[PDB]
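J.: pasting an experimental structure with its sequence.
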Amino acid sequence: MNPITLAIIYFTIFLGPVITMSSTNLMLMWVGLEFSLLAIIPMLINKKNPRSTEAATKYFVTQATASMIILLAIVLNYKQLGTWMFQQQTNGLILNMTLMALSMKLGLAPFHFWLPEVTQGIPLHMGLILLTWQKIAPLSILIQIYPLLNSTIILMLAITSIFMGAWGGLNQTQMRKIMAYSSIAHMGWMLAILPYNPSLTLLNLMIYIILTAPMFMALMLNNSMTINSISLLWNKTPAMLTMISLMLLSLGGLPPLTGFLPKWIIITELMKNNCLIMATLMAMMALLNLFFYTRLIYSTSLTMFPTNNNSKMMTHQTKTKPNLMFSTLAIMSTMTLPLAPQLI
Amino acid sequence: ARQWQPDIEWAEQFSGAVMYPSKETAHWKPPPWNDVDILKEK
Amino acid sequence: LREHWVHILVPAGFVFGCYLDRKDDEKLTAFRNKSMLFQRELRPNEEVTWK
Amino acid sequence: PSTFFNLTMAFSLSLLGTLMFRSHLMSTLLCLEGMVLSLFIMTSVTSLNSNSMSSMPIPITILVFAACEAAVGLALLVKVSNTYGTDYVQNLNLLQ
Amino acid sequence: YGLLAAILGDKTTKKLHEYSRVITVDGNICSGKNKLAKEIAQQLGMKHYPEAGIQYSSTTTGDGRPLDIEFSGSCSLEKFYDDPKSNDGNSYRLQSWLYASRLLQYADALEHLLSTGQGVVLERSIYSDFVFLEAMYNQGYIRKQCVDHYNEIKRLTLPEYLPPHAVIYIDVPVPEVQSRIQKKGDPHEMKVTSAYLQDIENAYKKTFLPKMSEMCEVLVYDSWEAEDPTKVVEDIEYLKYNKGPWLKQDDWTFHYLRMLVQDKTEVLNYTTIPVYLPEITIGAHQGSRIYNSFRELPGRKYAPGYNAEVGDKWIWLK
Amino acid sequence: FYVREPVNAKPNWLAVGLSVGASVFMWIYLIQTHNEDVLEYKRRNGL
Amino acid sequence: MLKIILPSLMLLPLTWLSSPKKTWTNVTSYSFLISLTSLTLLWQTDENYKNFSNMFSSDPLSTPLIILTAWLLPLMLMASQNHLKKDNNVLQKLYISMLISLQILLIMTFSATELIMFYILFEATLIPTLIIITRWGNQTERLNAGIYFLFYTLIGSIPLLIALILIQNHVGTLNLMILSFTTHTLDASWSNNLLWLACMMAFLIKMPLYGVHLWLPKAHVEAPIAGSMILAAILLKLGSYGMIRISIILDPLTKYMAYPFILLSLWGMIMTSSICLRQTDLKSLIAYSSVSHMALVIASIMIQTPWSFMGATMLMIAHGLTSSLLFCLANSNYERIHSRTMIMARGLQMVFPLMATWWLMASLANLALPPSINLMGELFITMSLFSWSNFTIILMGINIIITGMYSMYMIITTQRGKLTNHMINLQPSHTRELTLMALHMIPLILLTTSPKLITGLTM
Amino acid sequence: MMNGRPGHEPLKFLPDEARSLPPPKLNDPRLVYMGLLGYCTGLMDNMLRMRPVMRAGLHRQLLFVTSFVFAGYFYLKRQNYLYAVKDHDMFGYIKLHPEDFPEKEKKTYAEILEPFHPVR
Amino acid sequence: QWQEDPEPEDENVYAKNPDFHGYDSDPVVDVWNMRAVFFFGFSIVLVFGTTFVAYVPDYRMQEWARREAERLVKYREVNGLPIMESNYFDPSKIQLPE
Ligand SMILES: Nc1ncnc2c1ncn2[C@@H]1O[C@H](COP(=O)(O)OP(=O)(O)O)[C@@H](O)[C@H]1O
């Protein structure tokens, strides 16, 4: 990429979420969403492999129709209130549209089909951006409008996502898609507490970002899109085997690690609000997510899969190092739990 | 003797585009490692 | 110490343990002499019933 | 008034369209646009009968962003009938 | 080397000159290509890379002293010959390590070409490795899947690297090579069934040569033209480097290729793909031991610059 | 030693001085902030 | 209680920093002394529970265990010096640290005032244990065993998480002290009848009940000796400690909500005891012995009579020490024999004279010989169970007869009969093997002299 | 939640009102934890990059232990404020709307008949 | 078949180091890993520990209660009061319902 183009695109992919967050005029929030859609598509097809064009053409159609639905909500509001922004008075259907639409861009629940497929055809790098710096934008729009959205729908999309994400993940063996599925699940918890305590959504996101960003830079350190590929981690780079183990169990909710806090406080907030029906079912299938996380643990760490002689060759050569971010984001993530009170 | 490290066969299962292969799903084949399909002369 | 410093690591833990332990006592010092069962007037030359 | 319900249903009829592909990517990219026209018409209509001139900028910003959006959409389309010789969606089933 | 450097100068465009090309010379097991190579190199100052070896990677990395056989993948060309169609498959393991070695050599060559600007003569290349496997499968040496595994590695890694500019070639009929073998006597090299040598050349003649003819400049030389480096060198300086994929390599395109070869761990990333054919598999218990032992060699237990055994210093501030 | 000599043959004297020097600026600002802070807190409230 | 804990943490730095050759002695020698500091908690001249500080407390029920948890780390590290002496010097220092963290975590869990501190630390102990079982497990099936050990505990655990957050909203603090001195009386609704099950089920799972105990036979089979000692001696008892402190609340329901478990346990005691009678794997038989002798405990922590509780406290500490002793000697036979089969290796006393004395005393502890805390324990649970219903003696009476039979069968077909002709010749006994045993039984003899210390909260 | 409060500083980290609160003692266990959390990050880095774990980057080790800690004092300083605002806000309401939070008076046990469920 | 190692035999550590104590292969570490384990194990835990545990005084007050009973039984019997009256919390303190 002519480095100039790289700058323009990257600026847009970054001006995209930032305009959304900063503005209050919904319109300006919509174009922030629009710029993110335009900026991400070029990077998605960088290899320009036949799989890639498929990825982008899906991502784009799914993103575009949702963008149009979000605009329709703003256009309708403009007639029901002269304001260009959702208010207490807003017709309920107007808000529900925004939930569905925004739940498509974020890819939650019954609209979770595009994400796993686009996460499969894009590079590991652009995978991260597509999973974590593109969720900030839509979530911002929701978090702003939380007082007004429906508790019922969110919960249904929340629970569905948790289930779909979990069930989908169990079968998958491609890593990119295992992560895509996890993201659907975590995204679910996040949207469950939005109606009740938005501030916790912003924790269940950061922690997801501080967990997923190290996890993916791990997958690419050896650029392994297969579990079999990550399983030979012990030969290619032995040290990351320890933290890859804890980060994945952290992604699932197991108690000593940082990953428990988001689930724990979301459950505490939902019980405070009396959803002890919903919270219980979510926590239970949340346990399904750890099963596929630990199955990967087995292959990568607890058991040593057989490797190839040609690997000895890759050992010889100095391994290009993992950026510092890996460490700082691996530790702050695997073990901050002793510092939970301040985090919340 | 020595803790059983996984043999080739234990490894085999984790290959294939889906762990728990379905009736028609199994018919599929793992994605190309290069991420570029052999496709066709077109 | 010819690489025997390692030894102190654990012992030292005990000392800091007992120190931190005292700290808690210092913190939980209310009721020093207000415990009904043990409420007594300080005997001569004693400013603390239990330290 | 009713004028608005026709435009809104136009957008839903265009909605039903984009969500039900018929083997032609181009046609879809063309339906998608049918919405933008319906949104542009509705935004312009209410702005005009609310005499809200401060908002007319929007009816056009909507079109400017929608045009590029479509530009990107068509370049993907051209990219597809360069890799598969057709815009037919069925071809787009490699990511299964 | 990175975008930062490239952004500020450091362009392969500014470092290329007529003598700067990737020239490989390929022949049969004994085509005298070793000699022609050195000379062509001496002619244009081209860095002459030696044919890839079992321990070429070890000479490449760290100390450069030859590694123990098991550390270098336990491959014997010697055993290749004395025990063809071996139960353990040393011949396929030999071939797979050889492909990895030339992948490292070709990538090191491209890194020298784009950085220095000097050209490179690489003798046999990843592009001319398949002839040994084709002959081996034509013989009982390798089975069909073994072939597929090599082809898969070749399809995954070879396309990324740019093609040889020209591919100087020698030819000396099988009788010639067998006789040439007798002159340098080595029990192992000596016992190479002719038909196998027949299959090696046949592939170049039929597959490799025309293949590259369309892609790169093809200069085939009869033994007599050979042993006359001057004449061959002359002809290279004569051919016009036009036809080929190299024409589109703009500076902003070279940068990415450079950053690849600059990273050896990636060059052969797909060489270790988890396809479990039995010959290739290390095996966890044996592989773990070989690793604990290769990683404990002096200067290898830590990254270059940080292992004190070989005399590295300043580790406490690095 | 190393045929391909290690890129990190010796420390990046700059990387030491901005790593060491940066940390010593952190403390001198941090410790300053605390005592300064304590004061304001003490005086802001009665003492 | 930060001397039983901080000095413990510092063990981790010592296992890592210390020389590869001297790593074993620094760690084992120091934790022996760590146990000596643990003995200070036993100084309770008065009734008042010793609330060290806000989060850390030790009452009669926890104190007898914290000392056992600290005591076994030395022993665990002495029983695993053989296997795990074939490792790379960084696999060892990981195993040693894993064992160290278990008692750090277990010491805190047994010494925790806030019930959810129990939960977080409670369910954390699975991480160290699963690594010990899966990473170093000899058999092909430990991946499976690990899954069983993680899911059975985890599915039970999330209900307890919901329940404890639930009581915090209902009462306003999960502090065991307050919860005790506050009025929390459930109201026998249909919902409460569920709360009770939510709180007890997670504890009932790791305390193998007849219905959910399949995890323990599978886990101890492939687990390394140190993991099997930890699971039997401290890990299973985590479930019992939890049931004692959690049933302070949910006071009214267990009067009638316990019948299901009580009957599950007493019938379970008979069947688990009986299948020990014909099980070919010795480690298998000890594990089911552990299920049955722990089925007695869930049937005393539910009858809830003063005697039951301290019968339970007596038996849990006693059976913990005895089981390990049995699992430790089983390993010594396994390492020389190289097979878990009970039928092979017959006649050992002929070739290992003393280990057989340790085998005999361990079996007599296993069955109820009378001048042992093991018998006092069962005698007491038996008494209360009889009080609950005189008929209980029949079922707690078939178990005693069966328990005698399998305990002696382990001695009769492993340590008597004609010697096996020529298995790989059995090298003589190391002094470590014998001490690891002596260290288990000498405390069993000393505790039996003064049973008062391990009697529980009730008495 | 706490946003929308009167006087809210729209983008400020810790409003000066937080001056009134005591400063976090530099050795507060938490800041000390952050320190250890940091040292470990450093050590971990060395490990992943294959350097002598403890004897390398002794400059970095310092940057880490000193970056994390620096961050702590100024974060905790805030989180401490946020919690303190919460009381100011909470306690105030209890009063301004007194009737809703009425000080009840329990009866002594002598009067309260608590049910006795006999264990028997 | 894949490459993997041939089964490693287990050494008769008692063949060399005929004084093997079971802790480590080289002899001096062996001796110094039992001279410190029997000592810290038996010599100052089973001995000093049992000494200290034996001398814990009146554990859980059961040495105090066998006297307090004796004075109470001394006082109650001589003054004619019932040795264990039948209600503990005095009836007067209780405020029964109506
Ligand atoms: N794929 C391969 N399989 C087996 N041997 C190979 C392969 N590629 C190269 N060689 C070895 O390379 C050697 C080249 O012969 P040599 O006389 O050393 O150099 P030159 O080929 O220049 O004459 C041959 O002896 C042959 O064994």
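T.: Noted; the coordinates are in hand. Numbering: from 1, shown residues only, chains lettered A, B, ... in the order given.
J.: please save the CA atoms from the helix or strand in which residue A:131 is found in CSV.
T.: For residue A:131, the host element (DSSP states H and E) is helix A:124-132. The C-alpha coordinates for helix A:124-132 follow below in CSV (Å, rounded to 0.1, in the frame of the first residue of the first chain):
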residue,chain,number,x,y,z
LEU,A,124,-5.0,-12.3,11.8
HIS,A,125,-4.2,-8.7,12.1
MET,A,126,-7.2,-7.2,10.4
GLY,A,127,-9.0,-9.8,12.3
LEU,A,128,-8.3,-8.0,15.5
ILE,A,129,-9.4,-4.6,14.2
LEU,A,130,-12.5,-6.2,12.8
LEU,A,131,-13.3,-7.7,16.1
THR,A,132,-12.2,-5.0,18.6
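J.: what does residue G:157 show for phi and psi?
T.: phi -60, psi -40 (degrees, to the nearest 10).
J.: report the distance from the strand or helix carrying residue A:342 to the chain centre.
T.: Using DSSP H and E, residue A:342 maps to helix A:340-343. The gap between where helix A:340-343 is centred and where its chain is centred comes out at 22 Å by Cα atoms, centre = their mean, to the nearest Å.
J.: excluding chain neighbours, what is closest to the closest residue to chain B within the stretch 1-150 of chain A?
T.: Proximity of the stretch 1-150 of chain A to chain B (Cβ to the nearest Cβ) peaks at residue A:49, 4.2 Å away. The C-beta positions use only the backbone N, C-alpha and C, and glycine is treated the same way. Sequence neighbours aside, residue B:36 is the residue nearest to residue A:49 in space, at 4.2 Å (criterion: Cβ to Cβ, 6 or more residues apart in numbering or on different chains).
J.: report the secondary structure state of the residue nearest to the spatial centre of chain C.
T.: Taking Cα atoms, centre = their mean, the centroid of chain C lies closest to residue C:22, which sits 2.7 Å from it. Of the three states, residue C:22 takes helix under DSSP: H, G, I helix; E, B strand; the rest coil.
J.: need the nearest residue in space to residue G:182, chain neighbours excluded.
T.: The shortest distance from residue G:182 to any non-neighbouring residue, by Cβ to Cβ, 6+ apart, is to residue G:171 (6.2 Å).
J.: please report how far that neighbour lies from residue E:199.
T.: 85 Å (Cβ to Cβ, to the nearest Å).
J.: neighbour-wise, which of these two wins?
T.: residue E:199 (21 against 15; other Cβ atoms under 10 Å in any protein chain shown).
J.: in what helix or strand does that one lie?
T.: Using DSSP H and E, residue E:199 maps to helix E:194-203.
J.: which neighbouring elements make contact with that helix?
T.: The contact analysis (3 or more Cβ pairs under 8 Å, 6 or more residues apart in numbering or on different chains; DSSP states H and E) places helix E:194-203 against helix E:130-138, helix E:174-183.
J.: what angle do the shortest one and helix E:194-203 make?
T.: Between helix E:130-138 and helix E:194-203, the angle comes out at 130 degrees (axes from the mean of the first three to the mean of the last three Cα atoms, to 10 degrees).
J.: cool, and the last one?
T.: Going by the same axes, to 10 degrees, helix E:174-183 is angled at 120 degrees with respect to helix E:194-203.
J.: so how far is the next helix or strand after helix E:174-183 from its chain's centroid?
T.: Where DSSP H and E defines the elements, the next helix or strand beyond helix E:174-183 is helix E:187-190. Counting by Cα atoms, centre = their mean, helix E:187-190 is centred 22 Å from the centre of its parent chain.
J.: in helix E:187-190, what counts as buried?
T.: Neighbour counts over helix E:187-190 (16 or more other Cβ atoms under 10 Å in any protein chain shown) mark residue E:189 as buried.
J.: which is the succeeding secondary structure element to the helix holding residue E:199?
T.: On the C-terminal side of helix E:194-203, the closest following helix or strand by DSSP H and E is helix E:209-215.
J.: re earlier: outside of the helix holding residue E:199 itself, list whatever touches it.
T.: Here helix E:194-203 makes contact (Cβ atoms under 8 Å, 6 or more residues apart in numbering or on different chains) with E:28-29, E:130-132, E:134-136, E:138-139, E:141, E:171, E:173-174, E:177-178.
J.: in that helix, what's buried?
T.: Buried residues in helix E:194-203 (16+ other Cβ under 10 Å): E:196, E:197, E:198, E:199, E:200, E:201, E:202, E:203.
J.: residue G:93 should be in a helix, yeah?
T.: Yes: counting by three-state DSSP, residue G:93 is part of a helix.
J.: just give me the neighbour total for the residue nearest to it when sequence neighbours are not counted.
T.: For residue G:93, ignoring the flanking residues on the chain, the nearest one in space by Cβ to Cβ, 6+ apart is residue G:15 at 5.1 Å. By other Cβ under 10 Å, the residues close to residue G:15 number 24.
J.: now for residue G:15: which residues touch it?
T.: Here residue G:15 is in contact with G:23, G:26, G:27, G:93, G:96, G:97, G:100 (criterion: Cβ under 8 Å, 6+ apart).
J.: roughly how far does it sit from residue E:61?
T.: Distance, residue G:15 to residue E:61, using Cβ to Cβ: 33 Å.
J.: and residue A:88, its phi and psi?
T.: According to degrees, to the nearest 10, residue A:88 has phi -50, psi -50.
J.: helices along the stretch 101-250 of chain A, start to end?
T.: Counting by DSSP state H, counting those that start in this stretch, the stretch 101-250 of chain A has helices at residues A:114-121, A:124-132, A:136-145, A:151-171, A:175-192, A:198-221, A:227-231, A:233-236, A:239-251.
J.: quick check on residue G:83: phi, psi?
T.: For residue G:83, the backbone dihedrals (degrees, to the nearest 10) come out as phi -60, psi 150.
J.: the residue nearest to it when sequence neighbours are not counted: what's it in contact with?
T.: Among residues not flanking residue G:83 along the chain, residue G:224 sits closest, at 6.4 Å (Cβ to Cβ, 6+ apart). By Cβ under 8 Å, 6+ apart, residue G:224 lies in contact with G:80, G:83, G:84, G:132, G:133, G:136, G:137, G:138.
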